[PDB]
Amino acid sequence: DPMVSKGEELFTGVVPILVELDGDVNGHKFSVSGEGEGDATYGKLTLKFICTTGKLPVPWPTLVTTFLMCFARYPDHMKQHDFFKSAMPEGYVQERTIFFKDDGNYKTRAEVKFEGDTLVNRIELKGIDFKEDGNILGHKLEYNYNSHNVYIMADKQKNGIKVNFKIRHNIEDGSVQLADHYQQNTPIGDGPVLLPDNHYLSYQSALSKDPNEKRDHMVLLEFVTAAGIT
């Protein structure tokens, strides 16, 4: 299928990634740059993010979902349902609202596309209605991450997809902070895209630190595999 080919010839090997995020949460401004690489053949992403404005004013785990579904490993039988690669190289927009239960919300707008050989994720994040002393602004979330399925469905009237999922962040007192994600993606180009049947992406995420890095940072290793079309 020459449409499936076009995605394959773009993602076949290891692909360098760049991420840039401009953030404002309750008027706490910040910027984050990330660099790493993806290997969609394995559903594998390796990234390191650095807060370049100094202290990150929110917990690093809260930004993981915001910081590359094109790197998902789609099994051979599911290749006709991979919207994300099909929108490349021109890319797609990924927008979310993330509602932190009993606290504020993030609203994010991203553009994911190629700049030459580099796969780039440019993000603006606006956070409002946070509590000063809550889990997020008061940095009460543990530096870890649970595995999660994410259910993708077609958003046919917008030529794209919608995604709805819950992340549970462990709080230091042993409880959990729910972050309810609502997401929409739309192609940036005017070309045809693959619109999928309902399926899900399975996420595994590991957070770590670069022992040689003095700046505020996060190392992220993610594996992402499509499933649920048998």
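Data block above holds the structure.
Draft legend 1. Inspection of helix α1 (residues 2–11) at higher detail. When we look at burial in α1, the residues that qualify are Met3, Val4, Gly7 and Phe11. All buried residues of α1 lie within an arc of 100° about the axis, which places them on one face of the element. Looking at α1, the residues exposed on the side facing more than 90 degrees away from the buried face are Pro2 and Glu9. The opening residue of α1 is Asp1, an N-cap whose side-chain oxygen sits 2.8 Å from the backbone nitrogen of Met3.

Draft legend 2. Representation of a negative patch on the surface. Side chains of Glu20, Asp22, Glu35 and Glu124 sit close together on the surface and give a patch of like negative charge. With respect to the element layout, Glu124 can be found in strand β6 (residues 118–128).

Draft legend 3. Main features of the nonpolar core. Core analysis: the biggest nonpolar cluster contains 60 residues, and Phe30, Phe67, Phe71, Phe84, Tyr106, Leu119 and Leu201 have the highest contact counts within it. Sorting elements by how many residues they give to this core places strand β1 (residues 15–25) first, with 5 residues. With near-sequence residues (within four places) excluded, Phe84 lies in contact with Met69, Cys70, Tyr74, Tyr92, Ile152, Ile161, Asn185 and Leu201.

Conventions adopted
Residues numbered from 1 in each chain as written, not as in the entry; some residues may be left out. Heavy atoms only, no water. Buried < 20%, exposed > 50% of the residue type's maximum accessible area, 1.4 Å probe, protein only. Helix = DSSP H or I, 4+ residues; strand = E, 2+ residues; numbered from the N terminus. Arc of directions from axis to C-beta. Polar contact = N/O pair within 3.5 Å; in protein donor to acceptor, adjacent residues only side chain to side chain. Patch = residues over 30% accessible without salt bridge, like charges linked within 9 Å, V, L, I, M, F, W, Y side chains within 5 Å. Areas by Shrake-Rupley, 256 points an atom, 1.4 Å probe, with all protein chains shown as cover. Salt bridge = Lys/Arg side-chain N within 4 Å of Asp/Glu carboxyl O. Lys, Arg positive; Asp, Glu negative; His and termini not counted. Charge placed at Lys NZ, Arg CZ, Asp CG, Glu CD. Core = buried A, V, L, I, M, F, W, Y, C linked by side-chain atoms within 4.5 Å. Contact = heavy atoms within 4.5 Å.

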